[PDB]
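# Descriptive structure summary
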Amino acid sequence: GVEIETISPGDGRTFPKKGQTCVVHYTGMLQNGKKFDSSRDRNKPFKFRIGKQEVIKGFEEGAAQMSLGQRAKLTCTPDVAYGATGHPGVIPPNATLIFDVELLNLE
């Protein structure tokens, strides 16, 4: 259940592929709640690649459905990230997640 809500500007052509290492400014948001995570805090913008299941499934499908310079808004369903489990102390079980994602990558 990946729904993309894009703030317009960017290119719409540089799509990330497998074996490509990308740079994402993410920011976590809880539905009807406070924040829990931000790459803007540490300002080391989380260099990761595509094709190793490093990220969670809802964030992974949100990566390939974006392009260079775009600014989307993810809405991750509980069943793809942590809904049955819950990340201990940080994410409760059955939690729907919101992410502020801008793709300023390379490659």
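Residues numbered from 1 in each chain as written, not as in the entry; some residues may be left out. Part of a larger assembly, values for the part shown. Heavy atoms only, no water.

In the PDB archive, cryo-EM is given as the structure determination method for this entry, at a resolution of 4.8 Å.

The next subject is the overall build of the protein. Along its length, the protein carries 3 helices and 5 strands. Listing the helices and strands of the protein from first to last along the sequence gives β-β-α-β-α-β-α-β. The C-alpha radius of gyration computed for the protein amounts to 13 Å, which stays within 12% of the reference 13 Å derived for 107 residues, consistent with globular compactness. The principal-axis extents of the C-alpha atoms in the protein amount to approximately 35 × 25 × 25 Å. (Helix = DSSP H or I, 4+ residues; strand = E, 2+ residues; numbered from the N terminus. Rg over C-alpha atoms; globule rule 2.2 N^0.38 Å.)

By size, the foremost hydrophobic cluster in this structure holds 18 residues, and its most contacted members are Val24, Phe48, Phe59, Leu97, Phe99 and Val101. Looking at this core, the elements with two or more residues in it are β1 (21-25), α2 (57-64), β4 (71-76) and β5 (97-103). Per-element tally for this core: the top contributor is β5, with 4 residues. In contact with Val101, not counting residues within four places along its chain, are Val24, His25, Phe59, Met66, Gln70, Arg71, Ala72 and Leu74. (Core = buried A, V, L, I, M, F, W, Y, C linked by side-chain atoms within 4.5 Å. Buried < 20%, exposed > 50% of the residue type's maximum accessible area, 1.4 Å probe, protein only. Contact = heavy atoms within 4.5 Å.)

Summed over the entire model, instances satisfying the criterion amount to 5 aromatic pairs. Their ring planes at 80 degrees and their centres at 6.1 Å tell us that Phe36 and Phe99 sit as a pair that is edge-to-face. One end of the pair, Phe36, is in the loop between β2 (28-30) and α1 (39-42); the other, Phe99, is in strand β5, and 63 residues separate them in sequence. The exposure class assigned to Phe36 is partly exposed, which follows from its relative accessible area of 27%. Relative to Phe59, the ring of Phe48 has its centre 5.7 Å away and its plane inclined at 45 degrees; by these criteria the two rings are tilted. Taken as a pair, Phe48 in strand β3 (residues 47-49) and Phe59 in helix α2 lie far apart in primary sequence, 11 residues in all. Owing to a relative accessible area of 9%, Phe59 belongs among the buried residues under this scheme. (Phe/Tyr/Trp six-rings, centres within 6.5 Å; stacked < 30°, edge-to-face > 60°.)

What follows deals with the UniProt feature "domain: PPIase FKBP-type" in the protein. Taken from the UniProt record, the annotation "domain: PPIase FKBP-type" applies to residues 19-107. Overall, residues 19-107 shows 18% helix and 27% strand. The separation of its end C-alpha atoms is 10 Å. (UniProt positions renumbered as here; feature names shortened; annotations may be inferred.)

The next point concerns the side chain of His25. Considering the arrangement of structural elements, one finds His25 in strand β1. With a relative accessible area of 18%, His25 lands in the buried category. Once residues within four sequence positions are removed from consideration, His25 is found in contact with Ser39, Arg40, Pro45, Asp100, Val101, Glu102 and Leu104.

Our next topic: the state of the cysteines. Across all of its chains, the model carries 0 disulfides by this definition. The closest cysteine sulfur to the non-disulfide-bonded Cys22 is located on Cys76, 15 Å from its own sulfur. In this structure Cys22 comes out as buried when scored by relative accessible area, which is 3%. (Disulfide = S-S within 2.5 Å.)

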